Enquirer: 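What follows is a single structure, and I will ask about it in a moment.
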Amino acid sequence: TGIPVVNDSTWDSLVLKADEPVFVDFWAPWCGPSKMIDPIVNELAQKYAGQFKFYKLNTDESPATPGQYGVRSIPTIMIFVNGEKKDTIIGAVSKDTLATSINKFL
Ligand code: NA
């Protein structure tokens with residue numbers, strides 16, 4: 001069980017057109033550090049429920065969006081507000097690092 005998925009088909013409607021700030025987790029199953037963040041992304045999604053949307057994009061399954069947005073390594077977190085990219089947090093970082101960035105858009 002984890003956060004909902006976004007893919008290339010739904011990127012515009014779920015991320016760019018969202019009512020709420022959005023946290024996006026770029027990950028892939030070949031990258032173990034990008035999977036090891038799932039418990040703290042899930043903790044964040046529960047804590048921030050109703051203030052942020054949370055989605056994960058599998059760069060193996062949805063290659064167009066990471067290509068377009070210049071993703072070079074995973075995990076990569078991006079935050080969007082009203083259609084605008086507001087932050088990028090690259091690499092397997094602490095929950096506190098992520099909460100700092102999330103709270104900036106609260
Ligand atoms: Na909340």
Side-chain angles (χ1 to χ4, degrees), residues 1-60 62-106:
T1 303
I3 64 169
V5 168
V6 65
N7 57 30
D8 286 330
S9 156
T10 52
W11 181 258
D12 179 55
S13 65
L14 289 181
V15 176
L16 301 182
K17 296 295 186 290
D19 293 327
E20 307 87 358
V22 185
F23 177 113
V24 179
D25 167 17
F26 294 83
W27 74 286
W30 64 265
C31 179
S34 80
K35 292 196 264 176
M36 291 299 298
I37 64 168
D38 283 346
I40 59 169
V41 171
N42 291 335
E43 293 192 6
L44 295 165
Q46 198 173 316
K47 179 151 206 204
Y48 289 101
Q51 304 187 84
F52 254 75
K53 299 306 301 167
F54 293 76
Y55 304 101
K56 59 175 199 90
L57 184 148
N58 175 342
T59 59
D60 282 355
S62 300
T65 295
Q68 140 164 55
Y69 280 84
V71 174
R72 299 298 190 223
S73 60
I74 46 170
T76 288
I77 306 313
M78 292 184 192
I79 293 170
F80 292 83
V81 177
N82 300 333
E84 302 195 291
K85 184 182 54 45
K86 300 307 280 192
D87 207 357
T88 308
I89 312 95
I90 303 165
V93 290
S94 70
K95 186 184 176 201
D96 280 1
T97 294
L98 294 176
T100 293
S101 286
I102 290 166
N103 291 350
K104 181 177 171 178
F105 303 109
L106 303 177

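Values reported hereafter were calculated over all heavy atoms of this structure, with side chains retained and with hydrogens, waters and symmetry mates removed. Numbering starts at 1 and runs along the sequence shown.
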Enquirer: Please determine whether side-chain contact (heavy atoms from CB on, under 4.5 Å) holds for the pair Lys56 and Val41, giving the CA-CA distance in whole Å, both sets of side-chain angles, and the decisive distance to 0.1 Å.
Expert: CA-CA 9 Å; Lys56 59 175 199 90; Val41 171; over 6 Å; no
Enquirer: According to the interplanar angle, ranging from 0 to 90°, do the rings of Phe80 and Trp11 count as parallel (below 30°), tilted (30 to 60°) or perpendicular (above 60°)?
Expert: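 Perpendicular.
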Enquirer: Under the criterion side chain to side chain contact (heavy atoms under 4.5 Å, CB included), which of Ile79, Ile40, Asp87 is the partner of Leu98?
Expert: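 Filter result, single survivor: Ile40.
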Enquirer: Determine whether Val71 and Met78 make a side-chain contact, defined as any pair of heavy atoms from C-beta on separated by less than 4.5 Å.
Expert: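 Yes; the side chains approach each other to less than 4.5 Å.
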Enquirer: Does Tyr55 have any ring-ring contact (aromatic ring centres under 6.0 Å, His included) partners at least two apart in sequence or in another chain, and if so, which?
Expert: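 Per chain and number, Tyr55 pairs via ring-ring contact (aromatic ring centres under 6.0 Å, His included) with no residue.
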Enquirer: Would a single hydrophobic cluster contain both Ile89 and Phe26, if residues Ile, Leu, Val, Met, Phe, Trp and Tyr are joined by side-chain heavy-atom contacts under 4.5 Å?
Expert: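 No, no single cluster joins them.
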Enquirer: Can you give me the closest heavy-atom contact between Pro66 and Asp8, atom names plus distance?
Expert: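 Taking every non-hydrogen atom into account, CD-OD1, 4.4 Å.
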Enquirer: Could you note down all residue pairs passing salt bridge (charged side-chain N to carboxylate O under 4.0 Å, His left out) where residues 34-43 supplies at least one of them, sequence neighbours left out?
Expert: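 The answer is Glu43-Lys95.
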Enquirer: With a 4.5 Å cut-off on side-chain heavy-atom distances among I, L, V, M, F, W and Y, is there a chain of contacts connecting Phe23 to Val6?
Expert: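 No.
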Enquirer: Hey, are the side chains of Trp30 and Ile74 touching, using non-hydrogen atoms and a 4.5 Å cut-off?
Expert: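 In short, these two side chains touch, coming nearer than 4.5 Å.
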Enquirer: So, for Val24 and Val15, which heavy atoms are closest and what is the spacing to 0.1 Å?
Expert: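 Reported closest heavy-atom pair: CG2-CG2, 3.9 Å.
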Enquirer: Contact between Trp27 and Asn58 at the side-chain level, heavy atoms closer than 4.5 Å - yes or no?
Expert: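 SC-SC contact between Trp27 and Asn58 confirmed.
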Enquirer: So which atom in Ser73 and which in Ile90 form the shortest heavy-atom distance, rounded to 0.1 Å?
Expert: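 Smallest heavy-atom distance, with atoms named: OG-CG2, 3.3 Å.
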Enquirer: Can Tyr48 and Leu106 be said to form a side-chain contact (heavy atoms from CB on, under 4.5 Å), step by step?
Expert: CA-CA 10 Å; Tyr48 289 101; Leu106 303 177; 3.5 Å; yes
Enquirer: On a heavy-atom basis, which atom in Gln51 and which in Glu20 lie closest, and how many Å separate them?
Expert: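 The pair with the smallest heavy-atom distance is O-CB, 4.2 Å.
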Enquirer: At their closest point, which heavy atom of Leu14 faces which heavy atom of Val5, and how far apart are they?
Expert: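 Where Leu14 meets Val5 most closely, the heavy atoms are CD1-O, 4.0 Å.
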Enquirer: Is any side-chain heavy atom of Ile37 closer than 4.5 Å to one of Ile77?
Expert: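 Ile77 vs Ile37: side chains touch.
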Enquirer: Atom CD of residue position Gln46 - does it have more than 12 heavy atoms of other residues, nucleotides or ligands inside 6.0 Å?
Expert: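 Counting other residues, nucleotides and ligands, CD of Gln46 stays at 12 neighbours or fewer.
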Enquirer: Over all heavy atoms of both residues, which pair between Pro75 and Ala92 is shortest? Give the atoms and the distance, please.
Expert: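 Of all heavy-atom pairs spanning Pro75 and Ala92, the closest is CG-N, 3.8 Å.
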Enquirer: List in chain and number order the residues that pass ring-ring contact (aromatic ring centres under 6.0 Å, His included) with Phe105, two or more places apart in sequence or in another chain; answer none if no residue qualifies.
Expert: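 ring-ring contact (aromatic ring centres under 6.0 Å, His included) check on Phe105 returns nothing, list empty.
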